[PDB]
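Enquirer: Take a look at the following structure, please.
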Amino acid sequence: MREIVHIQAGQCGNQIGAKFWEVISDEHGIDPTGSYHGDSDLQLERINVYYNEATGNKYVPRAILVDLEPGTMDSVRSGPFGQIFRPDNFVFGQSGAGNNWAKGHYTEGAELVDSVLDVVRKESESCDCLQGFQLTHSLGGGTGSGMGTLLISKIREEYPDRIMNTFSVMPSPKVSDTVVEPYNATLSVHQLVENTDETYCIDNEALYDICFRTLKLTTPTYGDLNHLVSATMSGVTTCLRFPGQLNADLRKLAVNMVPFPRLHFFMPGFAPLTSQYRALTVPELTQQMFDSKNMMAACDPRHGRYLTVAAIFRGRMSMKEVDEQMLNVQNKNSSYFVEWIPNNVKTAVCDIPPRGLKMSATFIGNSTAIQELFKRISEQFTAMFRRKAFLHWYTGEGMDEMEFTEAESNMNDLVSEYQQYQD
Amino acid sequence: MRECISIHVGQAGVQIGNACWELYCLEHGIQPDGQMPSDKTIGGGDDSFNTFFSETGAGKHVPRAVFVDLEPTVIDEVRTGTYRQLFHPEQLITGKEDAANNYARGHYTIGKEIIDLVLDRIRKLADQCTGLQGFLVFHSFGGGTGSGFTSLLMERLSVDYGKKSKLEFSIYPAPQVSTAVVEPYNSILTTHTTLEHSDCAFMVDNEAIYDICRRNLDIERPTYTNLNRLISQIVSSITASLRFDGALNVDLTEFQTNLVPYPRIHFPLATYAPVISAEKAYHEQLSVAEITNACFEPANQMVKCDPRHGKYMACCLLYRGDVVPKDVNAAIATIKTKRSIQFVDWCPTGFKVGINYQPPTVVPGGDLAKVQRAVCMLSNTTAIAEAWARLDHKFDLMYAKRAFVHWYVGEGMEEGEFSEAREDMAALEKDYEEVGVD
Amino acid sequence: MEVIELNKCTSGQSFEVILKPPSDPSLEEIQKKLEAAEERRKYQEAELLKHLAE
Amino acid sequence: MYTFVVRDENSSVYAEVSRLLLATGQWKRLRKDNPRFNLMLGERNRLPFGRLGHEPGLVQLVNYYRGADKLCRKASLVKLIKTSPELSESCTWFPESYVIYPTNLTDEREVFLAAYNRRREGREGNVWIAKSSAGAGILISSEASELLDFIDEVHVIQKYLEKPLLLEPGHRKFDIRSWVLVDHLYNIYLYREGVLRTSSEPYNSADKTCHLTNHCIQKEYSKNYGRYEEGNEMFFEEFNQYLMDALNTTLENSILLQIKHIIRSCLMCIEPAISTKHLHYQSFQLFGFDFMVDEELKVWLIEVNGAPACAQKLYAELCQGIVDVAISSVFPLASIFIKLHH
Ligand SMILES: Nc1nc2c(ncn2[C@@H]2O[C@H](COP(=O)(O)OP(=O)(O)OP(=O)(O)O)[C@@H](O)[C@H]2O)c(=O)[nH]1
Ligand SMILES: Nc1ncnc2c1ncn2[C@@H]1O[C@H](COP(=O)(O)OP(=O)(O)CP(=O)(O)O)[C@@H](O)[C@H]1O
Ligand SMILES: Nc1nc2c(ncn2[C@@H]2O[C@H](COP(=O)(O)OP(=O)(O)O)[C@@H](O)[C@H]2O)c(=O)[nH]1
Ligand SMILES: [Ca+2]
Ligand SMILES: [Ca+2]
Ligand SMILES: [Ca+2]
Ligand SMILES: [Mg+2]
Ligand SMILES: [Mg+2]
Ligand SMILES: [Mg+2]
């Protein structure tokens with residue numbers, strides 16, 4: 001009964017978090033009303049990791065929905081699986097955050113955080129053995145970014161010995177709402193560097209390119225982008241939701257994936273990505289799984305080196321042939337795996353495939369090439385900060401330029417830290 | 001009669017222990033409900049099998065075993081397994097959160113909180129012993145509980161049972177089935193703090209068991225159930241002398257006397273033969289010489305290494321089945337004139353032979369076929385140091401960058417214990433080279 | 001090639017064939033190490049809470 | 001796409017093998033410390049055999065036989081020949097040798113002196129030679145006192161072949177170097193091409209220039225270097241013609257039959273100790289046998305080198321043969337040897 005408490009904050013965090021519960025609820029046989037109608041006991045084997053069991057055999061997601069605006073959360077409550085969430089777990093304000101990290105972290109968010117922690121405390125007090133927390137949010141907005149990192153800091157203060165895991169959507173000018181997104185992302189990244197154990201870097205730039213280049217979507221929407229995030233989030237959590245021995249919980253995952261405390265930002269990958277009835281062989285899954293075009297972080301793996309790798313194959317396939325293909329990738333491209341961490345590639349298999357696929361593969365990599373993502377944000381940050389552009393939105397909320405200077409230096413240090421292990 | 005207490009720590013220890021105690025009952029004719037029809041002394045007795053089984057007034061034969069795991073899932077299997085009636089609740093100890101493959105978490109953080117409970121449960125079984133010999137400790141090297149908590153238990157046992165012997169059955173880490181990258185760390189950490197507390201340890205490299213299953217059993221992708229069925233066979237061959245009438249290795253003390261002339265060098269190499277696939281309708285039964293000769297093929301050893309390029313300090317042949325001394329000597333003489341068997345000068349060049357007439361038992365429906373005769377060789381070769389070299393090399397690669405060290409320091413362990421444990425392995429490797437090299 | 005110490009019984013027999021002659025810490029100390037480690041954890045957590053307090 | 005690592009930068013032979021493998025486009029060289037390799041061109045000293053054959057999904061091959069030092073050491077070879085029944089102390093193609101440890105440290109001092117006095121009393125030739133494996137330091141003397149006193153200042157003392165076959169014109173000494181390759185299957189392949197490292201100085205049975213046929217000694221202390229043959233290296237074609245024109249015989253009958261016999265006997269002797277037939281990794285190795293031929297056309301074994309070099313003209317042909325039979329046989333891609341059956 002290693003329970004995980006889920007939190008989704010802001011527009012992006014709730015829209016993506018909603019699709020996540022919609023996807024995994026389908027894999028476990030849970031309908032929109034919380035009733036189980038599956039046909040395999042493997043669906044309920046570890047259902048309590050993400051679901052609570054109430055009266056009447058109902059399964060209630062252990063999720064907390066947070067936002068400073070009611071807009072997106074009203075859509076969730078009206079969405080497909082909106083009725084499955086616990087009504088008390090909807091914690092929202094009315095002022096909004098105006099895509100302003102300061103508002104979410106210091107002013108508006110501060111006024112609402114204590115009531116969110118009351119819900120978290122209620123959910124944790126019933127857990128037999130709490131693994132930790134997983135947060136879904138974007139770094140470019142105000143609520144998910146600003147209040148999201150505030151919650152993480154306060155959650156760590158109250159549960160210091162629990163694992164903190166996040167799915168963090170990185171902003172990109174290709175899919176941009178406001179020009180201050182680099183500011184909000186830089187401020188958040190430093191919070192994540194200190195207060196999370198595992199962060200899946202989901203780059204909206206990569207999601208857009210995959211929809212456009214690969215999936216052949218000329219005009220991708222947030223719905224199209226969230227389809228890739230749903231499939232990826234489902235893949236990376238397979239080892240936590242189904243019986244297994246590799247990375248079966250959050251702490252053991254962190255022990256295998258994080259050789260250094262601050263280098264805990266992962267590149268997720270998914271295969272296949274079809275734009276559809278053809279059967280995909282095991283060698284094909286492996287090639288696509290490691291292909292840059294299937295990475296969700298918009299970083300070139302060949303530009304860096306792999307510190308650790310977690311692979312998850314789903315479906316009825318030859319586990320013998322899986323071992324062969326995985327060993328063939330490492331043995332044929334061993335120059336991209338650091339030689340000072342022996343056997344840094346672990347492979348897990350799950351019999352239950354995702355909805356609509358005979359089999360799939362999910363890639364989780366801790367590569368030094370992720371620095372390209374932080375350099376990108378750092379360059380966009382500096383382009384504006386050097387002229388103090390748009391700072392008044394933040395100084396008006398009490399912030400000082402010094403705090404920006406420190407966030408800039410913190411991420412440039414993070415980039416330097418990745419660079420030393422790449423050589 | 002002198003009792004022996006078995007202690008199973010961590011997943012590997014529990015699951016392996018579950019396989020052995022299953023095989024013990026089949027060999028001694030004990031049913032899953034604990035009854036033993038052949039036992040005419042109801043409620044007691046000082047027979048050979050009583051060294052491992054206690055007897056209740058109702059005739060139940062209870063294993064003298066304790067299961068410990070910082071997670072409840074694995075031991076819950078035994079609570080509801082086929083032989084759930086053999087054990088009582090006091091024998092099964094479980095926590096809620098495991099060591100997360102972190103030696104420091106198993107030894108310091110979580111271990112410190114349950115060590116007194118485990119000892120109290122061990123004391124209960126010890127109080128049922130009129131003459132306790134010692135303990136047999138099953139555990140893995142790579143797991144956080146198998147490595148971290150075992151070393152703490154081995155320390156306390158030496159303090160509470162100073163005069164008792166302690167033997168290990170240790171699972172050496174192999175990437176083909178390993179579940180953590182830091183297993184080399186845990187292996188070296190646990191070997192350092194356990195070395196002075198173990199009188200004799202039988203290492204089993206999962207790599208060797210894995211290939212034997214794929215090669216000799218035609219298992220394409222062996223599982224833990226396949227590996228443990230084979231491991232319990234070797235364990236049974238090793239402990240058979242303690243559970244049956246005989247004159248070789250009659251007590252735990254005799255294992256050290258016959259296999260360990262130097263205390264630190266207490267890691268005998270085990271070689272088993274024959275391993276035949278039960279999927280073969282008919283198989284030519286191997287002779288005494290053929291199975292004995294097979295004891296010098298690296299492909300049948302529990303640890304892949306080349307004994308030809310080392311020296312022997314002792315060698316025991318444990319036969320089970322249709323075997324007579326005349327055939328053993330005829331096979332030994334032939335093997336001397338064909339094999340490279342080099343002993344150390346300060347040791348005799350010979351073999352201690354033990355023969356049990358009851359042939360090996362095979363779990364019904366398993367993978368191993370029934371055989372007329374089988375042998376397990378226990379040889380203290382310096383060649384087994386190759387396993388230490390491999391382990392120490394992987395340790396050096398990661399520790400040079402301090403990779404993953406923060407997980408251990410965060411549990412309260414000091415970084416100095418890494419280099420301290422590594423320096424001990426460095427000395428251990430040096431001891432092997434002085435003995436087996438010129 | 002010599003055989004010595006031959007013992008026979010109903011369940012088997014044992015012997016020895018020779019081919020050639022030759023040519024701990026106390027409970028107090030353990031408690032100290034365990035408490036010393038727990039003290040370093042408490043110190044590390046106190047610094048974190050101190051950091052979060054700032 | 002096979003992988004290999006290079007751990008001996010001073011190997012002229014395998015520097016060419018590594019160059020050929022890359023030229024095939026199907027081999028990729030990795031870092032010397034990368035464990036995911038198919039082939040290891042290992043170092044000469046302390047090659048970590050214990051770490052080989054433990055890579056799931058990788059067939060690993062190394063260019064050295066673990067345990068072959070017993071044959072490629074001065075003191076080891078003497079002990080192996082005397083103590084091995086396959087070779088026996090009555091070996092007829094190996095000079096009478098003895099292992100003599102320096103007094104500042106089993107030993108065969110008394111045994112050596114016994115055979116020495118027998119020759120002195122019997123009027124027979126009593127000239128011996130002292131040498132060791134730590135040489136560039138060799139001493140040739142007919143007095144046992146000088147030999148033992150020199151070692152003290154581990155060596156081996158063997159009978160000095162006082163009646164060596166002398167090439168004409170020149171009246172000079174020489175030695176025969178044969179390259180033998182043993183693959184993972186323990187096939188013994190003898191390179192068809194040999195070389196005679198001849199002395200450019202006339203032989204005098206009374207100065208080590210005309211007695212030592214080393215290529216470095218002839219090119220440094222000899223004043224006739226390269227007079228008769230280029231680089232004091234005579235290949236089999238010329239040597240065979242000389243045997244026919246002078247002695248009315250051939251290299252195959254008079255010498256090569258004995259060389260092939262000696263190669264087999266040595267390698268077949270240690271096969272049970274070094275074979276990798278049922279081992280988790282495979283080994284091959286190139287050997288360099290050195291022979292001496294007396295005036296009676298009898299071949300004598302001098303030593304066996306485990307890391308030998310090759311003649312300049314024969315590097316290409318031999319190195320290609322190494323890739324064909326020793327490397328490509330285990331890792332196929334997309335005869336200059338003589339197989340000594342046994
Ligand atoms: N032969 C064999 N090896 C096993 C078995 N179970 C686990 N292992 C090995 O043990 C190592 C991991 O140690 P575990 O015993 O699983 O971990 P643990 O002792 O439960 O400690 P925790 O980290 O707290 O879970 C891996 O290298 C596995 O290959 C088993 O049933 N049989
Ligand atoms: N017993 C012997 N009788 C005659 N000549 C001998 C001899 N032992 C050694 N020599 C001479 O000494 C030379 C070199 O001896 P040895 O082979 O031991 O030197 P080395 O090992 O330094 C050269 P390499 O390693 O290239 O063969 C031989 O080529 C031969 O001329
Ligand atoms: N992938 C994805 N990204 C989103 C979505 N909604 C917003 N974003 C991104 O998130 C950033 C805006 O943050 P937002 O979540 O709207 O701010 P918040 O509601 O105040 O926390 C921009 O960089 C957007 O590109 C979504 O549904 N999916
Ligand atoms: Ca207010
Ligand atoms: Ca009884
Ligand atoms: Ca002791
Ligand atoms: Mg928005
Ligand atoms: Mg466990
Ligand atoms: Mg030589």
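Chain labels A, B, ... are given in the sequence in which chains occur in the structure tokens; within each chain residues are numbered consecutively from 1, and ligands are likewise numbered from 1 in the order shown.
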Could I get the residue neighbourhood of ligand 6 at 12 Å, counting only C-alpha atoms and all ligand atoms, as a list in words?

Expert: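 Counting only C-alpha atoms and all ligand atoms, the residues within 12 Å of ligand 6 come out as residues 134, 154, 155, 156, 157, 158, 159, 160, 161, 162, 163, 164, 165, 166, 167, 194, 195, 196, 197, 198, 199, 200, 263 and 264 of chain B; 24, 25 and 26 of chain C.
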
Enquirer: Compute the set of chain D residues within 10 Å of chain B, using only C-alpha atoms, and express it as number ranges by chain.

Expert: D: 48-57, 66-67, 270, 272-274, 276, 278-280

Enquirer: Go ahead and save the picked residues with C-alpha atoms, as a PDB file, in the first residue's frame.

Expert:
ATOM      1  CA  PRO D  48      42.476  -8.736 -16.497  1.00  0.00           C
ATOM      2  CA  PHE D  49      41.237 -12.127 -17.695  1.00  0.00           C
ATOM      3  CA  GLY D  50      38.901 -12.229 -14.687  1.00  0.00           C
ATOM      4  CA  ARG D  51      36.734  -9.448 -16.142  1.00  0.00           C
ATOM      5  CA  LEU D  52      36.297 -11.113 -19.553  1.00  0.00           C
ATOM      6  CA  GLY D  53      33.226 -13.057 -20.607  1.00  0.00           C
ATOM      7  CA  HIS D  54      30.862 -11.327 -18.159  1.00  0.00           C
ATOM      8  CA  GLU D  55      29.025  -9.093 -20.656  1.00  0.00           C
ATOM      9  CA  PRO D  56      25.506 -10.371 -21.450  1.00  0.00           C
ATOM     10  CA  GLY D  57      24.964 -10.438 -25.194  1.00  0.00           C
ATOM     11  CA  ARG D  66      45.864 -17.040 -19.920  1.00  0.00           C
ATOM     12  CA  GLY D  67      48.577 -19.298 -18.519  1.00  0.00           C
ATOM     13  CA  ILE D 270      49.923 -26.991 -22.019  1.00  0.00           C
ATOM     14  CA  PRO D 272      44.683 -28.743 -20.819  1.00  0.00           C
ATOM     15  CA  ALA D 273      45.896 -25.783 -18.737  1.00  0.00           C
ATOM     16  CA  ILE D 274      45.176 -22.897 -21.136  1.00  0.00           C
ATOM     17  CA  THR D 276      39.292 -21.960 -23.528  1.00  0.00           C
ATOM     18  CA  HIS D 278      34.377 -24.550 -22.401  1.00  0.00           C
ATOM     19  CA  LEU D 279      35.276 -21.113 -21.019  1.00  0.00           C
ATOM     20  CA  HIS D 280      33.037 -18.041 -20.857  1.00  0.00           C
TER      21      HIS D 280
END

Enquirer: Looking only at the backbone, which of the residues in range 10-122 of chain D does DSSP tag as helix (DSSP H, G or I), as an MDAnalysis selection string?

Expert: chainID D and resid 12:23 49:51 68:70 74:83 109:121

Enquirer: Please provide as JSON, numbers by chain all residues within 12 Å of residue 79 in chain B, with the sequence filter that same-chain residues fewer than 2 positions apart are discarded (counting only C-alpha atoms).

Expert: {"B": [14, 18, 67, 72, 73, 74, 75, 76, 77, 81, 82, 83, 84, 85, 86, 87, 88, 89, 90, 91, 92, 93, 94]}

Enquirer: Keeping C-alpha atoms, export the residues of the selection given above as a compact mmCIF listing (two decimals), in the first residue's frame.

Expert:
# COMPACT_ATOMS: atom_id res chain seq x y z
CA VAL B 14 13.03 -15.25 1.65
CA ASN B 18 10.95 -20.77 0.60
CA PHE B 67 12.06 -14.73 7.77
CA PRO B 72 5.49 -7.21 3.65
CA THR B 73 4.72 -8.32 0.09
CA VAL B 74 7.32 -11.09 -0.28
CA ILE B 75 6.79 -12.66 3.15
CA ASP B 76 3.02 -12.43 2.63
CA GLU B 77 3.59 -15.09 -0.03
CA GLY B 81 1.68 -20.24 0.31
CA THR B 82 1.53 -24.00 -0.01
CA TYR B 83 3.59 -24.54 3.16
CA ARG B 84 1.91 -21.75 5.13
CA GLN B 85 0.96 -24.32 7.78
CA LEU B 86 4.62 -25.14 8.51
CA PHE B 87 5.43 -21.73 10.01
CA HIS B 88 3.71 -19.73 12.72
CA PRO B 89 3.31 -15.93 12.71
CA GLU B 90 6.23 -15.34 15.09
CA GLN B 91 8.60 -16.72 12.42
CA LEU B 92 7.66 -14.08 9.81
CA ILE B 93 8.81 -10.48 10.31
CA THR B 94 7.97 -7.68 7.87

Enquirer: Write out as an MDAnalysis selection string all residues of range 269-414 of chain B that DSSP puts in strand (DSSP E) for this structure's backbone.

Expert: chainID B and resid 269:273 312:321 349:356 373:381

Enquirer: Generate the output file for the selected residues, N, CA and C atoms, as a CSV table (one decimal), in the first residue's frame.

Expert:
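part35.csv written:
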chain,number,residue,atom,x,y,z
B,269,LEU,N,34.0,-22.4,-3.6
B,269,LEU,CA,33.4,-22.5,-4.8
B,269,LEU,C,32.6,-23.8,-4.9
B,270,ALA,N,31.3,-23.6,-5.3
B,270,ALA,CA,30.4,-24.8,-5.4
B,270,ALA,C,30.2,-25.1,-6.9
B,271,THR,N,30.2,-26.4,-7.2
B,271,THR,CA,30.0,-26.9,-8.6
B,271,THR,C,29.1,-28.1,-8.5
B,272,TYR,N,28.0,-28.1,-9.3
B,272,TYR,CA,26.9,-29.1,-9.2
B,272,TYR,C,26.7,-29.7,-10.5
B,273,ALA,N,26.4,-31.0,-10.5
B,273,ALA,CA,26.2,-31.8,-11.7
B,273,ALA,C,25.5,-33.1,-11.3
B,312,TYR,N,44.2,-24.7,-4.8
B,312,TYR,CA,43.1,-25.2,-3.9
B,312,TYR,C,43.7,-25.3,-2.5
B,313,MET,N,42.8,-25.0,-1.5
B,313,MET,CA,43.0,-25.1,-0.1
B,313,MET,C,42.3,-26.2,0.6
B,314,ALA,N,41.2,-26.8,-0.1
B,314,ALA,CA,40.4,-27.9,0.4
B,314,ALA,C,39.4,-28.2,-0.7
B,315,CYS,N,38.9,-29.4,-0.7
B,315,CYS,CA,38.0,-29.9,-1.7
B,315,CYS,C,37.1,-31.0,-1.1
B,316,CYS,N,35.8,-30.9,-1.2
B,316,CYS,CA,34.9,-31.9,-0.7
B,316,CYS,C,34.0,-32.3,-1.8
B,317,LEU,N,33.7,-33.6,-2.0
B,317,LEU,CA,32.8,-34.1,-2.9
B,317,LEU,C,31.6,-34.7,-2.2
B,318,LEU,N,30.4,-34.1,-2.5
B,318,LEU,CA,29.1,-34.5,-1.9
B,318,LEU,C,28.3,-35.2,-2.9
B,319,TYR,N,28.2,-36.6,-2.8
B,319,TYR,CA,27.4,-37.4,-3.8
B,319,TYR,C,26.1,-37.7,-3.2
B,320,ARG,N,25.1,-37.7,-4.0
B,320,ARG,CA,23.7,-38.2,-3.7
B,320,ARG,C,23.2,-39.1,-4.7
B,321,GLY,N,23.0,-40.4,-4.3
B,321,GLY,CA,22.4,-41.4,-5.2
B,321,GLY,C,23.3,-42.7,-5.2
B,349,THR,N,47.1,-32.7,-0.9
B,349,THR,CA,46.4,-32.8,-2.2
B,349,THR,C,45.4,-34.0,-2.1
B,350,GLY,N,44.2,-33.8,-1.7
B,350,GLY,CA,43.2,-34.8,-1.5
B,350,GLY,C,41.8,-34.3,-1.6
B,351,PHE,N,40.9,-35.2,-1.3
B,351,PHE,CA,39.4,-34.9,-1.4
B,351,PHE,C,38.7,-35.6,-0.2
B,352,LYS,N,37.9,-34.8,0.4
B,352,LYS,CA,36.9,-35.4,1.4
B,352,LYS,C,35.6,-35.8,0.7
B,353,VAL,N,35.3,-37.0,0.7
B,353,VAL,CA,34.1,-37.5,0.0
B,353,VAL,C,33.0,-37.9,0.9
B,354,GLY,N,31.8,-37.5,0.6
B,354,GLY,CA,30.6,-37.8,1.3
B,354,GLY,C,29.5,-38.4,0.4
B,355,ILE,N,28.9,-39.5,0.7
B,355,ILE,CA,28.0,-40.2,-0.2
B,355,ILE,C,26.7,-40.4,0.6
B,356,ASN,N,25.6,-39.9,0.1
B,356,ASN,CA,24.3,-40.2,0.7
B,356,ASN,C,23.5,-41.0,-0.4
B,373,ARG,N,22.3,-40.3,-9.8
B,373,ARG,CA,23.4,-39.9,-9.0
B,373,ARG,C,23.7,-38.4,-9.3
B,374,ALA,N,24.0,-37.6,-8.3
B,374,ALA,CA,24.4,-36.3,-8.4
B,374,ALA,C,25.5,-35.9,-7.4
B,375,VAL,N,26.3,-34.9,-7.8
B,375,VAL,CA,27.5,-34.5,-6.9
B,375,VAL,C,27.5,-33.0,-6.8
B,376,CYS,N,27.9,-32.5,-5.7
B,376,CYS,CA,28.2,-31.1,-5.4
B,376,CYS,C,29.6,-31.0,-4.8
B,377,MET,N,30.5,-30.3,-5.5
B,377,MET,CA,31.9,-30.1,-5.1
B,377,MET,C,32.0,-28.8,-4.4
B,378,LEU,N,32.6,-28.8,-3.2
B,378,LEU,CA,32.9,-27.6,-2.5
B,378,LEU,C,34.4,-27.4,-2.4
B,379,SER,N,35.0,-26.5,-3.2
B,379,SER,CA,36.4,-26.3,-3.4
B,379,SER,C,36.8,-24.9,-3.0
B,380,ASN,N,37.7,-24.7,-2.1
B,380,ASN,CA,38.2,-23.4,-1.7
B,380,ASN,C,39.3,-23.0,-2.6
B,381,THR,N,39.0,-22.4,-3.7
B,381,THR,CA,39.9,-22.0,-4.8
B,381,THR,C,40.2,-20.5,-4.7

Enquirer: As a list in words, please: every protein or nucleic acid residue near ligand 7 (cut-off 7 Å, counting only C-alpha atoms and all ligand atoms).

Expert: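 Protein and nucleic-acid residues within 7 Å of ligand 7: residues 11, 99, 141 and 177 of chain A.
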
Enquirer: Which neighbours of residue 131 in chain D fall inside 6 Å, counting only C-alpha atoms, when residues of the same chain fewer than 5 positions from it are skipped, and could you give them as a count of residues only?

Expert: 3

Enquirer: With only C-alpha atoms and all ligand atoms counted, collect every polymer residue having an atom within 9 Å of ligand 3; state the result as number ranges by chain.

Expert: A: 9-16, 67-69, 72, 96-101, 104, 137-148, 169-178, 181-182, 185, 202-205, 207-208, 221-229

Enquirer: Starting from chain A, keep only residues with some atom at most 8 Å from an atom of chain B, counting only C-alpha atoms, and report them as an MDAnalysis selection string.

Expert: chainID A and resid 129 245:247 251:252 255:256 258:261 319:320 339:344 346

Enquirer: Take the residues that were just selected and, keeping C-alpha atoms, output them as a PDB file, in the first residue's frame.

Expert:
ATOM      1  CA  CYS A 129       2.687   3.970   3.610  1.00  0.00           C
ATOM      2  CA  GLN A 245      10.530  -5.491  -9.714  1.00  0.00           C
ATOM      3  CA  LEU A 246      12.360  -2.651 -11.518  1.00  0.00           C
ATOM      4  CA  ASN A 247      11.595   0.907 -10.383  1.00  0.00           C
ATOM      5  CA  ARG A 251      12.388   5.992  -4.119  1.00  0.00           C
ATOM      6  CA  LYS A 252      13.889   2.955  -5.860  1.00  0.00           C
ATOM      7  CA  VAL A 255      18.038   5.541  -6.546  1.00  0.00           C
ATOM      8  CA  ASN A 256      18.543   4.065 -10.030  1.00  0.00           C
ATOM      9  CA  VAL A 258      19.749  10.108  -9.915  1.00  0.00           C
ATOM     10  CA  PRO A 259      23.528   9.706  -9.420  1.00  0.00           C
ATOM     11  CA  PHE A 260      23.797  13.325  -8.220  1.00  0.00           C
ATOM     12  CA  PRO A 261      21.076  15.159  -6.285  1.00  0.00           C
ATOM     13  CA  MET A 319      11.221 -10.780 -23.255  1.00  0.00           C
ATOM     14  CA  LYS A 320      14.208 -12.693 -24.637  1.00  0.00           C
ATOM     15  CA  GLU A 339      31.453   4.300 -18.724  1.00  0.00           C
ATOM     16  CA  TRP A 340      31.796   5.196 -15.022  1.00  0.00           C
ATOM     17  CA  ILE A 341      28.281   3.934 -14.211  1.00  0.00           C
ATOM     18  CA  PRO A 342      28.238   0.239 -15.185  1.00  0.00           C
ATOM     19  CA  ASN A 343      24.973  -1.276 -16.410  1.00  0.00           C
ATOM     20  CA  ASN A 344      23.180   2.069 -16.170  1.00  0.00           C
ATOM     21  CA  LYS A 346      17.445  -1.053 -16.763  1.00  0.00           C
TER      22      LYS A 346
END

Enquirer: For residue 38 in chain C, which of B:251, B:245, B:431, B:411 is the closest residue, counting only C-alpha atoms?

Expert: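 Closest to residue 38 in chain C, using only C-alpha atoms: B:411.
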
Enquirer: Give me, as a short mmCIF file (atom, residue, chain, number, x, y, z; two decimals) with C-alpha atoms, in the first residue's frame, the contact residues of chain D against chain A at a cut-off of 10 Å, counting only C-alpha atoms.

Expert:
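Result saved to selection-v2.cif:
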data_model
loop_
_atom_site.label_atom_id
_atom_site.label_comp_id
_atom_site.auth_asym_id
_atom_site.auth_seq_id
_atom_site.Cartn_x
_atom_site.Cartn_y
_atom_site.Cartn_z
CA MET D 1 29.41 -3.95 -36.44
CA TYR D 2 31.88 -5.55 -34.06
CA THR D 3 33.76 -3.63 -31.37
CA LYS D 28 34.55 0.00 -34.46
CA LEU D 30 36.23 1.81 -28.51
CA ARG D 31 38.02 3.40 -25.58
CA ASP D 33 38.40 1.08 -20.77
CA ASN D 34 35.04 0.42 -22.44
CA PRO D 35 33.77 -3.03 -21.34
CA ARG D 36 31.28 -3.53 -24.20
CA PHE D 37 33.84 -4.96 -26.62
CA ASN D 38 33.93 -8.08 -28.76
CA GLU D 55 29.03 -9.09 -20.66
CA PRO D 56 25.51 -10.37 -21.45
CA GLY D 57 24.96 -10.44 -25.19
CA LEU D 58 28.64 -10.01 -26.12
#

Enquirer: Around ligand 9, out to 8 Å and counting only C-alpha atoms and all ligand atoms, which residues are there? I want them as an NGL selection string.

Expert: :D and (72-73 or 133 or 288 or 290 or 303-306 or 308)

Enquirer: Nearest to chain C: which of D:78, D:106, D:14, D:46 is it, counting only C-alpha atoms?

Expert: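 Of the candidates, the smallest distance to chain C is held by D:106.
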
Enquirer: At a cut-off of 12 Å, using only C-alpha atoms, what residues contact residue 275 in chain B? Leave out same-chain residues fewer than 5 positions from it and give the result as a ChimeraX atom specification.

Expert: /B:209,211-218,229-231,233-234,280,283,285-286,291,294-295,299-301,360,362,367-376

Enquirer: Could you please extract the residues within 7 Å of ligand 8, counting only C-alpha atoms and all ligand atoms, and hand them back as a VMD selection string?

Expert: chain B and resid 10 to 11 69 to 71 98 143 145

Enquirer: With C-alpha atoms retained, export the selected residues as a compact mmCIF listing (two decimals), in the first residue's frame.

Expert:
# COMPACT_ATOMS: atom_id res chain seq x y z
CA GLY B 10 15.31 -9.68 2.05
CA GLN B 11 13.46 -10.84 -1.04
CA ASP B 69 12.06 -8.39 5.21
CA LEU B 70 11.54 -4.63 5.45
CA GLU B 71 8.59 -5.05 3.05
CA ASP B 98 12.08 -1.34 2.33
CA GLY B 143 19.42 -5.51 -2.12
CA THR B 145 17.81 -5.26 3.11

Enquirer: Residues of chain C no more than 8 Å from chain A, counting only C-alpha atoms: send them over as number ranges by chain.

Expert: C: 45, 49, 52

Enquirer: Limited to N, CA and C atoms, could you put the picked residues into a file as a compact mmCIF listing (two decimals), in the first residue's frame?

Expert:
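Written file, again_6.txt:
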# COMPACT_ATOMS: atom_id res chain seq x y z
N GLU C 45 18.67 17.03 8.52
CA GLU C 45 17.28 17.45 8.41
C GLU C 45 17.06 18.80 9.08
N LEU C 49 15.34 22.10 7.34
CA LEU C 49 14.26 22.89 7.93
C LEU C 49 14.72 24.31 8.21
N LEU C 52 14.62 25.90 4.83
CA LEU C 52 13.24 26.21 4.47
C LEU C 52 12.67 27.32 5.34
